[PDB]
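Notes follow once the structure below has been shown.
Nothing in this text is a laboratory measurement; each read-out follows from the coordinates by a stated rule. FYI the Cβ positions are ideal-geometry reconstructions off the backbone, even for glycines, and counts take in every protein chain you see.
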Amino acid sequence: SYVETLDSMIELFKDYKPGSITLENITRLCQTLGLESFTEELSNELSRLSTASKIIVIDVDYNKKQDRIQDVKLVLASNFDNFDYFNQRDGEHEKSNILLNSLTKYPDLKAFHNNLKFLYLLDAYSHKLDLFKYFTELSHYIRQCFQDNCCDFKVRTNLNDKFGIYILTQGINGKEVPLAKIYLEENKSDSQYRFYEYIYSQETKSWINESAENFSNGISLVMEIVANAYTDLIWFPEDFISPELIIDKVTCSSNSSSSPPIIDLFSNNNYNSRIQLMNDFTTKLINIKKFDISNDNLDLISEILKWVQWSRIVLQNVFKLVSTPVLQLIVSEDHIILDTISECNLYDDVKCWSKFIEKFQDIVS
Amino acid sequence: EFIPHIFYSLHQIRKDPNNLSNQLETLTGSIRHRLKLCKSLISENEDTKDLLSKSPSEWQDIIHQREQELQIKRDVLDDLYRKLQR
Amino acid sequence: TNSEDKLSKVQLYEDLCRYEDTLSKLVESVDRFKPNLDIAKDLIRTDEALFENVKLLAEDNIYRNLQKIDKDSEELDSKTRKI
């Protein structure tokens, strides 16, 4: 418990004071991650800091006259050279480099440290599973899985100068809104946890493990829900997903009485006087931020995202409209019924959900 | 100068706690040295203690005595100019 | 005697005071080889407050300009006095 507490304190200090962007602080940061580092003088005006590990080599070009980083290059020693370290922006011909941006657009090393920790994770845990190859290809397999399953989700890599596979929905204004981020994290619970390569087969329309011999140990594929943030939190039925797949449960620590705002809305008589609210939930609502979607759990991505989308479009809007100061409104886990007037369920199309909310708003206004 | 040195020593504390106790003790002694001289420099200099960053309303009172004493001088000088021209 | 009272009136004096107190707590913690996070975070936020007050002191020059215009005032008064 001393080592775990010390590591937690070290993580807290690293996050609380990331340091200023200087060549010395970048070198110290790389050395703190166990990266080999050397400095070369390319000219009287230019120095390169080169940092290396098992697979990754990072060259950082520093202009001595301007006191500024000029360029950053990632090179892999893998047979896979096609690792995307650029931001995916639609319509810019200049692929903006994530590592360069993390050192030029931010006031501190926090953005660079997080991106370097991610590259170091892939480096440490890549062998015959190549995680640089697999993580690049996974973004294509997820995009295909959504096309085959008729899911209206867009897949982008590398959003806002951060490594990750981002899942976007169309918002009310046609603006793309991130729903979730998929990335690899170290499995703190089980160092013997086998992480396999799963490919989405176009032929079977399923995830398949082609090579059960290709695994890495002590890594998990994590799906993080991107909250736009208590009303913007996503709540799940306690039995919606197996508790073994829940990495981060937001425990409302026992000294602030924040029920789900949903459950406080079954307890507090401050309703729209036109609606009698009926709760038909059989399970408790829990706030989940992170899911383990490793191995056979890749099928759950579409189910989790449909719930997140339904919860945002239907549940959160119903709650907002009921909470603003007699028809019966029945709210259950997968269906909502407004007397004999309108109903919608979790398995209906987004167009049915929008029509339900429009009709509900017209009645409640 | 003690401000950048305090910053830097602070950062190699927060970057490398895994250094042996010798480095931690020596570096903490160095910070104690810098803040000791910081209190010494503060104690021996009058200007840096009088001007401890903030403006109470004494600057606005200086502006009120400045503006009231200027305009009365202008008025009396105008009166003198008008009277003496005869 | 009123000098120290005036010095204690400006905030940055209290700022250096509790900054010293926070480092005293930190050194006591490391002496016990039991580094407490709250002390270090208090130290860093106090240092930040010190540094913002360091900027706030600088925009000093207004008092100096008031001082020169005061000298102009009394020299004009002395000139008109001998007149």
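Residue-level check: of (1) assigned to a helix (DSSP H, G or I); (2) within 9 Å of another protein chain (Cβ to nearest Cβ), residue C:29 misses just (2). Take residue B:41 and tell me if it is closer than 30 Å to residue C:33 by Cα, of a type outside the set (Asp, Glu) and surrounded by fewer than 15 Cβ atoms within 10 Å (Cβ to Cβ). Judged against the criteria, residue B:41 is not a match. On the stretch given as the stretch C:35-54, residues that are farther than 12 Å from residue C:16 by Cα, within 8 Å of chain B (Cβ to nearest Cβ) and part of a helix (DSSP H, G or I) total 2.
For (1) within 14 Å of chain B (Cβ to nearest Cβ); (2) buried (at least 17 other Cβ atoms within 10 Å of the Cβ); (3) over 25 Å from the mean Cα position of the chain (by Cα), each residue gets a yes or a no:
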{"position": "A:15", "(1), (2), (3)": "yes, no, no"}
{"position": "A:39", "(1), (2), (3)": "no, no, yes"}
{"position": "A:60", "(1), (2), (3)": "no, yes, yes"}
{"position": "A:87", "(1), (2), (3)": "no, yes, no"}
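Restrict the check to the stretch A:352-363 and report whether at least one residue is in a strand (DSSP E or B) and within 29 Å of residue A:243 (Cβ to Cβ). No, the conditions are met nowhere in the stretch A:352-363. Within the set A:78, A:47, A:53, A:43, the sole residue that is surrounded by 13 or more Cβ atoms within 10 Å (Cβ to Cβ), of a type in the set (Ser, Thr, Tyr) and farther than 23 Å from residue A:110 by Cα turns out to be A:78.
Residue B:68 fulfils the conditions (1) more than 9 Å from chain C (Cβ to nearest Cβ); (2) closer than 25 Å to residue C:42 by Cα; (3) not acidic (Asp, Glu) except for a single criterion, (2).
Considered as a group, the residues in the stretch B:1-26 that are surrounded by fewer than 15 Cβ atoms within 10 Å (Cβ to Cβ) and among the β-branched types (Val, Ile, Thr) include one that is farthest from the other protein chains (Cβ to nearest Cβ), and that residue is B:26.
If the condition is being part of a loop (DSSP other than H, G, I, E, B) and polar (S, T, N, Q), then the stretch B:37-46 contributes only B:45. Scan the stretch A:101-112 for residues that are surrounded by 21 or more Cβ atoms within 10 Å (Cβ to Cβ) and farther than 14 Å from residue A:69 by Cβ and report the count. Selection size over the stretch A:101-112: 0.
Pairs are defined by a Cβ separation below 8 Å, a sequence spacing of at least 6 or placement on different chains, a first member in the stretch B:66-86 that is surrounded by 10 or more Cβ atoms within 10 Å (Cβ to Cβ), and a second member that is assigned to a helix (DSSP H, G or I); the pairs so defined are B:66/C:66; B:66/C:69; B:66/C:70; B:66/C:73; B:69/C:73; B:70/C:73; B:73/C:76. For the stretch C:56-72, a residue qualifies if it is facing chain B (nearest Cβ under 8 Å), assigned to a helix (DSSP H, G or I) and within 13 Å of the chain's Cα centre (by Cα), and the qualifying residues are C:56, C:57. Between B:54, B:49, the distinction of being part of a helix (DSSP H, G or I), over 27 Å from residue A:30 (Cα atoms), facing chain C (nearest Cβ under 10 Å) and in contact with a helix residue (DSSP H, G or I) (Cβ under 6 Å, 6 or more places away or on another chain) belongs to B:49 only.
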